[PDB]
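Asks: turn this into a model:
(chains A, B, C and D)
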Amino acid sequence: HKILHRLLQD
Amino acid sequence: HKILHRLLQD
Amino acid sequence: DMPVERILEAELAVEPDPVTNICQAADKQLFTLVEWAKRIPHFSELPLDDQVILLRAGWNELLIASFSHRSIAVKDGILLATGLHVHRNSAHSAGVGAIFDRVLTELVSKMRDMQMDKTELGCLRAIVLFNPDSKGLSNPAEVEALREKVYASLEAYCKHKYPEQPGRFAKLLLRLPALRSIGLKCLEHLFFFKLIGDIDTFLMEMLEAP
Amino acid sequence: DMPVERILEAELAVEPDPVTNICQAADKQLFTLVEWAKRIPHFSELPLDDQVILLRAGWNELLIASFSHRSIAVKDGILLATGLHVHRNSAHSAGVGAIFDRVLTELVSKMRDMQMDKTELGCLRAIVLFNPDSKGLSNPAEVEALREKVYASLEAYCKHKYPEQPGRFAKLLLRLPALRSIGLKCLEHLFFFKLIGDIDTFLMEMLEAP
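Replies: Residues are numbered from 1 along each chain as shown, chains lettered A, B, ... in the order given. Take a look at the structure below.
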């Protein structure tokens, strides 16, 4: 789930 | 819905 | 007026391969459900057509609530009204382990951990019975008002019996979304079992189109 | 600690054929959803894997809650975040009238009738965010404790702002089962739209298997 991950990281 | 009806009537 | 004593009385009055067994038990419990509903204050005074609507909308959630609470002293399993215990491993090997586990973890275990009592159960079920969102109702506002009375009576009973647990009332209401989702998933399974026809008449009527 | 002021702040910070339009708007709102979640107290302190689990479990209900409340001054229709109003008749003639009507009668109209305010909305959404029944969570008890804090703060806010409406807190929590059932039905439709492929990447990721 790359998009959600990248957005949660910053 | 005969069964439910008959049971609700008495 | 909606006294929790009468609701308790209603619960006490009705006290008694794995998919086949679950189904037989459910059919049998549908007859008992009607007898229970008639003991809930003001329900029998509703127009006959509305009583029908409410029971057809709520039956599966009402049944799930009962067998879950019946099963709270049971380890990893469910006590059916027929006297038969169905365990985890048995449900897993019939291909229904996922839904079974949801009931166990979201309902049974949480009922056990808080020690939900029979008055609390009866009130939650009466709230589910008086569902003002049910389609076709001749007067939805009358049903909403009966719902409001159950949960006002429930809140006062929790604050009195369990004064040291201020969050308990909300905790009870917050099992209802889980109950709704599990009820919907159960219905999908029942329609599939009906399709792969390897189901008694009252359960069958409940699965008919309106 | 879970102050309703911060939850309100979170809501205010994010303020902005029909199935295609609904989908584009939903994709766009997924980005905003992440920004909202990070403003809800204690959420960003949860392990990254848990934050992921909670958002994947709750996203569709969180989005439905927002567009319903946005639409309360709208007659027989829905205000999308894109600025477009979708009316009843339009949803009916696209073959999605049933689900549209449920949102209107079970959510929009009931939010309007009680004048649900933005703090109340934000709290209900934070309760939906902190769902301790989400599968895979490394510590479900930590999520449950954050849920408990939101609804304790909500109950105190209702008793203070609306002291003449003692049933209001329960009334709020009792829209959550409707929200859950409508969220499930929406998901079924989205999987069908994905199948009859006549959907942007974030919405698509949300519909992927875990």
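Asks: show me what contacts the residue nearest the centre of chain C?
Replies: For chain C, residue C:62 is the residue whose C-alpha lies nearest the centre (C-alpha atoms, centre = their mean; 2.0 Å). Residue C:62 is in contact with C:33, C:125, C:128, C:129, counting by C-beta atoms under 8 Å, 6 or more residues apart in numbering or on different chains. Yep, even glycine has a C-beta here, placed from its N, CA and C like the rest.
Asks: what helix or strand is it located in?
Replies: Following DSSP states H and E, the helix or strand that holds residue C:62 is helix C:48-70.
Asks: quick one: name whatever helix or strand follows that helix.
Replies: strand C:77-79.
Asks: show me what that following strand pairs with in its sheet, parallel or antiparallel.
Replies: Sheet pairing of strand C:77-79 (DSSP bridges) gives strand C:85-87 (antiparallel).
Asks: can you pull the buried residues of the next helix or strand after the strand it pairs with?
Replies: Under the assignment DSSP H and E, the closest C-terminal helix or strand after strand C:85-87 is helix C:88-92. For helix C:88-92, burial by neighbour count (16 or more other C-beta atoms under 10 Å in any protein chain shown) applies to C:90, C:91.
Asks: could you do stretch C:196-204 as well?
Replies: So for stretch C:196-204, counting by 16+ other C-beta under 10 Å, buried means C:199, C:202, C:203.
Asks: ranges for the helices of chain A?
Replies: Listed in chain order, the helices of chain A (DSSP state H) span A:2-9.
Asks: check chain C too.
Replies: C:4-14, C:18-39, C:48-70, C:88-92, C:97-102, C:109-114, C:118-129, C:140-161, C:168-173, C:176-195, C:201-206.
Asks: how close does the residue nearest to the centre of chain C sit to residue D:44?
Replies: 40 Å (C-beta to C-beta, to the nearest Å).
Asks: which of the buried residues of stretch C:196-204 sits closest to chain B?
Replies: Of all the buried residues of stretch C:196-204, chain B sits closest to residue C:202, with 5.2 Å by C-beta to the nearest C-beta.
Asks: got a list of what the closest one touches?
Replies: Applying C-beta under 8 Å, 6+ apart, we find residue C:202 in contact with B:3, B:4, C:27, C:30, C:31.
Asks: again, only this time at 10 Å
Replies: By C-beta atoms under 10 Å, 6 or more residues apart in numbering or on different chains, the contact set of residue C:202 is B:1, B:3-4, B:7, C:26-31, C:33-34, C:59.
Asks: ok, now residue C:15?
Replies: Contacts for residue C:15 were tallied using C-beta under 10 Å, 6+ apart; they are C:32, C:66, C:70, C:81, C:118.
Asks: correct me, but the last one touches residue C:7?
Replies: Yes: using C-beta atoms under 10 Å, residue C:118 is in contact with residue C:7, at 9.2 Å.
Asks: who has more neighbours out of these two?
Replies: Remark: of residue C:118 and residue C:7, residue C:7 carries more neighbours, 26 against 14, as counted by other C-beta atoms under 10 Å in any protein chain shown.
Asks: excluding residues flanking it in the chain, which one is nearest residue 7?
Replies: All of this is about chain A. residue D:34 (4.6 Å; C-beta to C-beta, 6 or more residues apart in numbering or on different chains).
Asks: meant chain C actually
Replies: Per C-beta to C-beta, 6+ apart, closest to residue C:7 is residue C:122, 4.2 Å.
Asks: doesn't residue C:12 make contact with the one you found?
Replies: Yes: applying C-beta under 10 Å, one finds residue C:122 in contact with residue C:12, separated by 8.9 Å.
Asks: check the contacts of residue C:62 and tell me the two furthest apart.
Replies: For the contacts of residue C:62, with distances taken as C-beta to C-beta, the pair at the greatest spread is C:33 and C:128 (11.4 Å).
Asks: give me the common contacts of those two.
Replies: Common neighbours of residue C:33 and residue C:128 (C-beta under 10 Å, 6+ apart) are C:58, C:59, C:62.
Asks: returning to what we had before: just give me the closest of the buried residues of stretch C:196-204 to residue C:138.
Replies: Nearest to residue C:138 among these, counting by C-beta to C-beta, is residue C:202 at 24.5 Å.
Asks: distance check, whatever residue of chain A ends up closest to chain D against residue C:27.
Replies: Distances between chain A and chain D by C-beta to the nearest C-beta are smallest at residue A:7, namely 4.6 Å. Relative to residue C:27, residue A:7 is positioned 50 Å away (C-beta to C-beta).
Asks: okay, now the residue nearest to residue C:200 when sequence neighbours are not counted: neighbour count?
Replies: Ranked by C-beta to C-beta, 6+ apart and with sequence neighbours excluded, the top spatial neighbour of residue C:200 is residue C:27, at 3.8 Å. Using other C-beta under 10 Å, residue C:27 has 16 neighbouring residues.
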